[PDB]
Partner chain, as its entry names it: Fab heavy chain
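Just the one chain here, the form deposited without its partner chain, laid out as structure tokens.
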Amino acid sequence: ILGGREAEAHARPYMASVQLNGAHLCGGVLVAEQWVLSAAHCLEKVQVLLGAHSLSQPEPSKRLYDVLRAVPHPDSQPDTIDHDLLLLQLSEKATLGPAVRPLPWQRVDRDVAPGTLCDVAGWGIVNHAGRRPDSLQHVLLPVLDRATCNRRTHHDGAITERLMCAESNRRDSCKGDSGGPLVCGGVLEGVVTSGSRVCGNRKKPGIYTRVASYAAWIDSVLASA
């Protein structure tokens, strides 16, 4: 997260860190008792850290789960950010409590109002040098209408109806925030894309996958256990 602030500890109990060999790689979002949603290129030794604020310090709520199965969206492709979703089935159902709870996710396939203030959280890089934070960061970002996001000087027609944008003027998602939650009105709306992109430039808005657009996919995979 560029231009953000340290989040309140445990105030986002749905927040996951998706890890490879005990190192943070992507954000994730607990969406069912045994399932974490993240982004497709995150998988390209997989564990999921729940109940955390600090990646390194002991916390009573923190628990690192093994992953039984990793299910990247079957239409996802290395060179694109289309269909950029990943579901991770934990080795067991997560132990729930005030610091570990799933997030309700949007099933109405219609756009949020332009300007809606959404929260994005993560352990991604925090400056141009690539500094990695030990504790969870967040930022409040206004949603940016699709027509502007698609203008020639911005993302030039790459924004489908299955993607949404937020403003990226100094406050932004960046590397390592991939897979994490864009939350609007207490509901999961988007997931941070995992394609490389310039961070913090107003002319290059943040891109997030619209979970409502993938409701059939998520329902099926969540039911496949």
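Positions refer to the first chain, counted from 1. If you superpose the two forms and keep the largest set of C-alpha atoms that fall within 1.5 Å, you have the rigid core.
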## Note on the structure
Higher Cα RMS in 7 other deposited structures of this protein relative to the shown form (core alignment), 65-73 or 188-196, goes to 188-196
### Message
If I compare the deposited sequence with the modelled residues, how many are absent between residue 44 and residue 45: none, 1 to 3, 4 to 9, or 10 or more?
### Response
4 to 9
### Task
Higher average CA B factor in the deposited record is what I'm after, so tell me if that's 156-164 or 29-37.
156-164
### Query
Going by the B-factors listed in the PDB entry, is the mean over the C-alpha atoms higher for 147-155 or for 94-102?
147-155
### Summary
Looking only at 186, 180, 200, 51, the Cα with the top B-factor belongs to 200
### Task
Taking the chain's C-alpha temperature factors as the reference, tell me which third residue 210 falls into: lowest, middle or highest.
lowest
### Query
In terms of the CA temperature factor given in the entry, to which third of its chain does residue 176 belong: lowest, middle or highest?
middle
### Query
By the record's CA B-factor, is residue 9 among the lowest, middle or highest third of residues in the chain?
middle
#### Entry: CA B-factor ranking of residue 72, expressed as a third of its chain
lowest
### Task
Could you tell me which third, lowest, middle or highest, the C-alpha B-factor of residue 221 occupies within its chain?
lowest
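Although not depicted, the form solved in complex with its partner chain is the subject of the following passage.
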### Task
Considering only heavy atoms, tell me if residue 150 and its partner chain come within 4.5 Å of each other in the bound PDB entry.
yes
### Exercise: residue 161 in contact with its partner chain in the bound PDB entry, heavy atom 4.5 Å
yes
### Query
Using 4.5 Å between non-hydrogen atoms, is residue 114 touching its partner chain in the bound PDB entry?
yes
### Query
How about residue 132: is it within 4.5 Å of its partner chain in the bound PDB entry, going by heavy atoms?
no
### Summary
Testing 134-142, 121-129, 69-77, 151-159 against its partner chain in the bound PDB entry with a 4.5 Å heavy atom criterion leaves exactly one stretch, namely 151-159
